[PDB]
Undergrad: 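Shown below is the structure under consideration.
Order of the sequence lines sets the chain letters (A, B, ...), proteins ahead of strands, with each chain counted from 1. What you see below is based on every heavy atom in this structure, not just the backbone, and it leaves out hydrogens, waters and symmetry mates. Numbering of ligands and ligand atoms starts at 1, following listing order.
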Amino acid sequence: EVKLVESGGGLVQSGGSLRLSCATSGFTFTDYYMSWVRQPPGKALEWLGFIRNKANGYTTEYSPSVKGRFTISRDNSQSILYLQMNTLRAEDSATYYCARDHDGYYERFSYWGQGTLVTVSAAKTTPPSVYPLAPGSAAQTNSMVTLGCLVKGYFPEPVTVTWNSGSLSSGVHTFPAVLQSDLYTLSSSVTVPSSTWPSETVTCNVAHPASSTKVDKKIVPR
Amino acid sequence: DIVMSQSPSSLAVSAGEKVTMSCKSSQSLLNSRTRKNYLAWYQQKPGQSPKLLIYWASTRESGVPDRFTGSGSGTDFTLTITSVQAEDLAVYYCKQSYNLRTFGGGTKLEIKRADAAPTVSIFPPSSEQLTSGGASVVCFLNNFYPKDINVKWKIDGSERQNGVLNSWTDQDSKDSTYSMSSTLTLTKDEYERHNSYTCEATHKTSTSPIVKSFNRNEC
Ligand SMILES: C=CCO[C@]1(C(=O)O)C[C@@H](O)[C@@H](O)[C@@H]([C@H](O)CO[C@]2(C(=O)O)C[C@@H](O)[C@@H](O)[C@@H]([C@H](O)CO)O2)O1
Ligand SMILES: [Mg+2]
Ligand SMILES: [Zn+2]
């Protein structure tokens with residue numbers, strides 16, 4: 001199995017530096033060029049640069065947009081790719097992806113990592129408040145029941161939300177965060193048969209990596 | 001500098017129908033030495049990383065459904081999806097690799113489906129929020145189509161517009177519906193001055209708004 005996993009994303013101040021990593025396995029790393037690509041929230045992909053394979057001396061090239069400011073390197077003993085970013089500005093806020101690139105023949109990016117999100121801002125890290133969403137005085141006898149969690153007042157993005165440790169994925173809607181007064185809020189709904197709640201437990205699992213927050217919130221009737 | 005441009009910016013197509021989208025390069029991507037066009041297509045589904053579909057203009061990667069076909073040459077390329085499926089909802093990007101790499105700006109594919117009414121649910125503030133002095137009331141409007149929808153909040157029968165924020169999901173990859181959340185945030189002191197809290201959803205599927213409410217005295 002080919003795996004690409006980026007790390008290192010987070011909050012950094014304008015003017016600052018940040019280095020991302022991309023751990024790889026499942027292919028002969030030195031045989032491949034590797035690229036970095038970024039994507040501002042809701043915008044297009046932008047190719048940033050590559051580092052060539054062993055046959056081509058591991059040389060680097062960059063988009064004019066970042067040449068002189070970003071540097072790519074690689075550890076060929078551990079199969080890790082790096083992106084050093086300097087003099088960061090708000091326009092650099094984006095999801096950063098590593099992608100497997102050319103092997104001397106094929107023209108394609110075969111594989112991409114999950115991406116790591118970089119936020120360039122002066123705002124401080126704020127952990128979320130996580131509140132349960134249980135029905136008030138509703139009928140409940142409506143065949144299905146919808147529960148939720150409100151993840152309020154955090155910074156920066158992202159947060160992750162799962163339900164029952166990912167066992168409940170069907171009938172889950174996690175609503176995109178909205179920014180207000182320097183803080184994000186999102187919510188997540190889950191819909192299950194009434195015969196299973198509250199007789200069985202339903203818990204939302206929330207994480208906010210920037211503050212290392214981990215929350216498990218049981219939805220209790222009341 | 002090779003400029004990549006895609007058309008259309010967005011479109012919606014019903015399941016079973018054909019989708020056509022275009023990619024233009026400012027210079028020919030036909031490599032003389034290999035006699036191939038260095039043009040690839042990527043699919044990025046909501047919340048996911050891009051995935052390779054097609055490369056060398058017309059080579060379909062293993063595992064990609066045969067309903068996806070790349071065509072074209074030189075400066076003009078086409079991605080055609082026959083018999084589109086709900087799961088094909090995505091932004092599609094082309095990318096040249098003739099000289100370094102450059103992506104097009106993407107084509108957003110939405111899936112058209114039959115109109116569907118929302119399922120509305122309302123939630124009072126939790127005691128754990130109230131303890132800290134805040135009161136958020138939440139309304140979920142789930143599984144509707146089309147995306148346009150109106151939500152009004154009423155407090156003791158009077159509309160309130162301030163302190164309300166809305167967020168729509170991306171289209172669902174299975175049923176092609178949207179959902180939306182609407183959250184009204186008040187202070188505890190103001191929350192405690194009123195009894196009835198109502199969210200009203202008006203959607204083209206009915207001239208009757210869907211009304212969900214709770215009363216503080218019943219909590
Ligand atoms: C000059 C011909 C050399 O061709 C090869 C080779 O035989 O070593 C094979 C090609 O596939 C290609 O790898 C080239 C050379 O390394 C250039 O490859 C790039 C590049 O800038 O590194 C990358 C490719 O993706 C492609 O953009 C080519 C471009 O087509 C020019 O050759 O450039 O070496
Ligand atoms: Mg849904
Ligand atoms: Zn060079």
Undergrad: Looking at every heavy atom in both A/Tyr111 and A/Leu4, which two are closest together, and how far apart are they?
TA: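 Closest approach of A/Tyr111 to A/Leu4, heavy atoms only: O-CD1, 3.3 Å.
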
Undergrad: Could you check atom 19 (C) of ligand 1 against the protein and tell me its nearest heavy-atom contact, residue, atom and distance included?
TA: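 Nearest protein contact, heavy atoms only, for atom 19 (C) of ligand 1 is A/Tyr33 OH, 3.9 Å.
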
Undergrad: Do any N/O atoms on A/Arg52 end up under 3.5 angstrom from N/O atoms on ligand 1?
TA: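 In this structure, A/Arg52 places an N or O atom under 3.5 Å from an N or O of ligand 1.
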
Undergrad: To 10 degrees, how wide is the angle NE2 (A/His173) to the Mg ion (ligand 2) to OD1 (B/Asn143)?
TA: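 Answer comes to 90°, rounded to 10°.
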
Undergrad: Identify the protein heavy atom lying closest to atom 24 (C) of ligand 1, giving its residue, its atom name and the separation to 0.1 Å.
TA: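 Here the closest protein heavy atom is A/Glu107 OE2, 3.2 Å.
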
Undergrad: List every atom of ligand 1 that sits less than 4.0 Å from any heavy atom of B/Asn31, numbering the atoms from 1 in the order shown and giving each element.
TA: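 Those of ligand 1 that fall under 4.0 Å from B/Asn31 are 30 (O).
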
Undergrad: Please state whether the rings of B/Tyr38 and B/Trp56 are parallel, tilted or perpendicular, taking 30° and 60° as the class boundaries.
TA: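 Answer is tilted, since the angle falls between 30° and 60°.
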
Undergrad: Using a 6.0 Å cut-off, check whether atom NZ of A/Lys3 has over 12 heavy atoms from anything other than its own residue.
TA: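 Enclosed.
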
Undergrad: If I take atom CG from residue B/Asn142 and atom OG from residue B/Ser179, how far apart are they, to the nearest 0.5 angstrom?
TA: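 If I round to the nearest 0.5 Å, the distance is 4.0 Å.
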
Undergrad: Who's the nearest protein heavy-atom neighbour of atom 29 (C) of ligand 1, and how far?
TA: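 Among all protein heavy atoms, the one nearest atom 29 (C) of ligand 1 is B/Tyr98 O, 3.7 Å.
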
Undergrad: I want to know if ligand 1 touches A/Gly104 in the polar sense, i.e. an N/O pair below 3.5 angstrom.
TA: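 N/O-N/O distance below 3.5 Å exists for this pair.
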
Undergrad: Looking only at protein heavy atoms, which one is nearest to atom 2 (C) of ligand 1, and how far off is it?
TA: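 Here the nearest protein heavy atom works out to B/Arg33 NH1, 3.1 Å.
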
Undergrad: Quick one: nearest non-hydrogen protein atom to atom 27 (O) of ligand 1, plus distance?
TA: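 Scanning the protein heavy atoms, the shortest distance from atom 27 (O) of ligand 1 goes to B/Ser97 O, 2.7 Å.
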
Undergrad: How far is atom 12 (C) of ligand 1 from its nearest protein heavy atom, and which residue and atom is that?
TA: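 Going by distance alone, atom 12 (C) of ligand 1 is nearest to A/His102 NE2, 3.7 Å.
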
Undergrad: Identify the residue among B/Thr69, B/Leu52, B/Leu53 that makes a side-chain contact (heavy atoms from CB on, under 4.5 Å) with B/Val64.
TA: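 With B/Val64 as partner, B/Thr69, B/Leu52, B/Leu53 yield a single side-chain contact (heavy atoms from CB on, under 4.5 Å), made by B/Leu53.
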
Undergrad: State if B/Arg101 counts as touching ligand 1 under the rule of any non-hydrogen atom under 4.0 Å.
TA: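 Heavy atoms of B/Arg101 do come under 4.0 Å of ligand 1.
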
Undergrad: For B/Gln161, does the CD atom sit with more than 12 other heavy atoms under 6.0 Å from it, leaving out its own atoms?
TA: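 At most 12 heavy atoms, drawn from other residues, nucleotides or ligands, come within 6.0 Å of this atom.
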
Undergrad: About how many Å separate CZ of B/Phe77 and CE of B/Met4, when rounded to the nearest 0.5 Å?
TA: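 So the gap between those two atoms works out to 7.0 Å.
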
Undergrad: Any protein heavy atom lying closer than 4.0 Å to atom 6 (C) of ligand 1?
TA: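 Not a single protein heavy atom is under 4.0 Å away.
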
Undergrad: Would you say B/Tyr38 has any N or O atom under 3.5 Å from an N or O of ligand 1, going by distance alone?
TA: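 For ligand 1, there is no N or O atom that lies under 3.5 Å from one belonging to B/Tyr38.
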
Undergrad: Between A/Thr146 and A/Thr191, is the side chain to side chain donor-acceptor pair (under 3.5 Å) condition met? List the steps.
TA: CA-CA 4 Å; A/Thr146 296; A/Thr191 302; 2.9 Å; yes

